[PDB]
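Let us start with two forms of the same protein chain, each given on its own as structure tokens and named structure 1 and structure 2.
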Structure 1
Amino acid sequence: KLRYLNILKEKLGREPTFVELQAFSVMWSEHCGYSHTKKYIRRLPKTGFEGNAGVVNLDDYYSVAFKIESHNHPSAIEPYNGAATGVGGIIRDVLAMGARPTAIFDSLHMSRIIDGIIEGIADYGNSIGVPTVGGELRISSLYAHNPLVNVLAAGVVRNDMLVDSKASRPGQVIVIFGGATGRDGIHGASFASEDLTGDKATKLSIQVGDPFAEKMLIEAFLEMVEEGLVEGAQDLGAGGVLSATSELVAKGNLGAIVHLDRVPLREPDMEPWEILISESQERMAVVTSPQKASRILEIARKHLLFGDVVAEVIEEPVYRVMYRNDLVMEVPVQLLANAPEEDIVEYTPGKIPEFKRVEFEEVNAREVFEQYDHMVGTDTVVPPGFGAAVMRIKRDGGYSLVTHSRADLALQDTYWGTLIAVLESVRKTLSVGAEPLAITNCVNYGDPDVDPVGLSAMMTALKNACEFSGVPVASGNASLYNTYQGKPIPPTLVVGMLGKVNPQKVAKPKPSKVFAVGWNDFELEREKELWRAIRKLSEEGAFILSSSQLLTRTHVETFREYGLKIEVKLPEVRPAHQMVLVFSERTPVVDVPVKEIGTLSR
């Protein structure tokens, strides 16, 4: 902050004004600026080039837009609103990609089932009519003061209706529409970067959501896309108007003139800086020509929303904020969009260590989502309780969604633990017969200034694990300064993996013999052999379970849905192993260890 305050002063050639200080505190906060993670992120193999980030072609006609986000900070302060708006936020991300939101896969890490967090997710999900197709839940006392709420959202989008994420020429205007702007979430970006949860950020920082408006938002926006009206888009989240407008024009190397007086307000006595920095929910920024702006506003207002043309895209790369004829702030756009970059730590992996059994706790979110009329994975090819969510795109087309993490391991060795989490994400995907296509990741870390190695260790293994598996990063999020009184959370990388699968080829469980396929321990040089064995057996029609516990309660519960009973003698396994459970009529034949352990019947 201080080091940053002094650079701004360098750059500005004076001290900032009140407005500029609120502005850069937002844009230059770890949350918005990614100071510590920008360089590590660049080294990541990405689905980048592919015009649009988070967008992955499925069959040359349809693509899957997906991304995982977090709302850890706010969820610790206000479980309900923080968790709810957590989903509201990531949903708007997939919508801005041009895709109709279709699925939500949550990844929760708490010291116990925090009602408010589970209910904020269920209510908001139910009101927007977007199903939760799965959920990863980890309970550990290590997340007591900093629960982790990571939400993955995915959507189907036509390859010929991809929306851009930037402004492209002088003369375009930017429309802000959706719910009216208020004071909520003001400074939440900085609140979410606060080296500590017990810092000067509180209730004035958490956003309030309203799914009814969000529902209206997707309808309005998709109709805008379908009418060739949207030439660019970016949802309003952290930093609100400021963040959306500056980045949109920043990405296109253009500038902008913002008219805050044009921002539909919910609270008319707000000051100009509050309008600029407000983080009110359910809002979207649209880049377009002056001609299409009328139809856009017509559509927005017709869907019971509010909106007006707020900014003009200019050639000069300056960010000029006006309020009527008053000049509120004026700074170089690229100054605001390029927070100071931190040098990184070169991390060289050590010997794979022997992991100790770190007692954690899992639980089928479905069993916990009933209390709040929220069904998990009711419309999927096969139950997500078996390891992966499989959704239908077409009769003979589909995709899978997987959310995995291994903080229990990473806590002992961030590199290997983290790297293992991803490989295991590959096993899950392959196990349902899906082909790994891309990853969306959420980096949840502590304080990078106090511990730079742990971050590097996490980011470098994501790189290596992507290189090893050949599965690139399509999108993602970084959440740092996830601490309390300095007490850091366990380094948790959440891997969201997208796979391609034909709904017709997905196996269902039925009476069969059970075999433990693989090794009881881990060696990087045989992982691909395990994948090969899984690919072969899946092709032959085998049902396959890939779990750290080999067989979980959720599993036993899911088999119940088929009236099937499982009786086996689980092999002794280490915290990190390379073994999968295979169900078939005959003994599996692969070049990997095979042991018959029991049966599935009734």
Structure 2
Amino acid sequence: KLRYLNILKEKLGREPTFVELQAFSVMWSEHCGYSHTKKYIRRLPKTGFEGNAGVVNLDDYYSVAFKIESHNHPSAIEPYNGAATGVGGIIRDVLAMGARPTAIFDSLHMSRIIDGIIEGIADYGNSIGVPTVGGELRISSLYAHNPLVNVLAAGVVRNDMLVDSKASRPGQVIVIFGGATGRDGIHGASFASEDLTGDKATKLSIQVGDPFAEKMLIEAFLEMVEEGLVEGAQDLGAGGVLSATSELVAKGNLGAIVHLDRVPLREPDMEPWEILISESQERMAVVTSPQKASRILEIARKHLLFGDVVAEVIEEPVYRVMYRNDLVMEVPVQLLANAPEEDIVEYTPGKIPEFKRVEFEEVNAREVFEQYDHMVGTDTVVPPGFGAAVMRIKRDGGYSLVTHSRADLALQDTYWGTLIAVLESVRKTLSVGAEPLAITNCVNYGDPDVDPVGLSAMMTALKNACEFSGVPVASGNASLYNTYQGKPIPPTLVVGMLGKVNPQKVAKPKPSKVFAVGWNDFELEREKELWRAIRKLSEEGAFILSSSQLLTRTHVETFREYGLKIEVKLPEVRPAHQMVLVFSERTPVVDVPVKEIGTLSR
């Protein structure tokens, strides 16, 4: 913070004005600036057009846009609105790529079942009409003060309608439609960059949220894209107008002249800076030619949304904020878009540890998911209760989504627990017949300044997991400073995996013999040997289950949907094993251990 203020003073050549301070306090905050993770993320292998979402081609005619963000700090103080809004925001990111939001996936980490979080998410995804196709839930008293709310959203988009995430030429303009701008969330980005005992941990930093407004925003935006009116786009969230406008031009290496007075207000007494950093929801920033602005405004208004032309794209690398004919601020656009970078430390792993038992409560509760009808599997090739969620796109074309993390293992060894989480995410994808395609990930950490190693260990392990597996990183998020009066959460890296699979070849449950296939302990080397065995059996028609517990209550619940009931003598397993359960007619034949342990029937 203060180390940064000096750097700002040196660059500015003098002391910043009130608004200059407010503005950089947002853009250079860890949440928007990424000072501590910038270099690490760069060292990661990438793929797919990365524009605040990350899209991956599936069949050349269609691509899937998937991204994972989080809303941790907000949810610790206002569970209901913090979770909902989290969904609202990640949906705007996927929509901002020209994609049609088709699936939401949740990843909760709490010390008990906080109804608010569950409902906030279910209600919001419900009012906008986008289904929940899955979502891991880990309970541990270690998240008592810092619950982690990570949400993954995937949309489908035509390869020929991909929207850019930046401005591309001087003369373009920037329209901002959606809900009206109020005073909620000001500095909520600076709030998410500190310990929960900060001076900004008040309800003022929390964003509201209106799904009916968003559903409209989804319809309007897609219409704009269908008529080729969108030349570039970015959703609004942290930083509001400031963040969005400056980032669309910094990316293109252009400039902008923002006119705050043209921004639709919901509170007319607001001041220029309040209008600039307000983090109100349901708003989208579209880049286009001056001429198309007319139809875009018409489309949003008839859709019951406000908005007007707010900025002009100029070739000069300056960010000029205007309110009428009175200048508010003015600084080098590339100054804002780039926070000071912090040095990284090199991490070198040790031997895979003898992970001991550290259980995460088995509070399986579908009761709460039914009360708030948080349906998790209405329209998938095969039910999500089993793990991977498979969606169709064509009769014989589809993709899989897997969200996994092993904070339990990582808590003991940041490196190995993380690396293992990424690898296990591959077993699941393979277990359903899908071809690992890319990864979106969310890094959930505490104080980097205090414990720099642990962060380094997460990023190195994630980097090594992609090099060892060949699976690149399409996108991600990084939530740091998840601590309460000192105490930090466990290092929790949540992995979102996307895969390619023919829905006509996805196996379903049927009366059969069950087999424990693999080893009860972990060894990196032979990991690729299990992968090869899953591909073989999966290809033969076998129904495979890849859980860290082998068999869970949900699996059995889901099994009853088929009127099937399993009787198996599960093998004793270590905290990190290399085993999966195979269901087939005959005994599997593979270059890996196989043992008949039970039966599925009726």
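Under this definition, the rigid core comprises the largest set of C-alpha atoms superposing within 1.5 Å between the forms. Only residues modelled in both forms are compared. Numbers given to residues start at 1 and step along the sequence of structure 1.
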Practice item. After superposing the two forms on their rigid core, pick out the one entry in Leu196, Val318, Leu265, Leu162 with a CA shift of 2 Å or more between structures 1 and 2. Key: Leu196
Practice item. Could you tell me whether the Cα atom of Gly51 shifts by at least 2 Å between structures 1 and 2 after core superposition? Key: yes
Review point. Once everything's superposed on the core, is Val363 shifted 2 Å or more at the Cα between structures 1 and 2?
Key: yes
Exercise for review: Check the Cα of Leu401 between structures 1 and 2 on a core superposition and give its shift in Å.
Suggested key: 0.6
Point to revise | Per-residue CA shift, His374 (Å; core superposed between structures 1 and 2) | key: 2.4
Check your understanding: Listed by sequence position, which runs of three or more consecutive residues have C-alpha shifts of 2 Å or more between structures 1 and 2, the rigid core held fixed?
Key -> 48-53, 195-201, 361-368
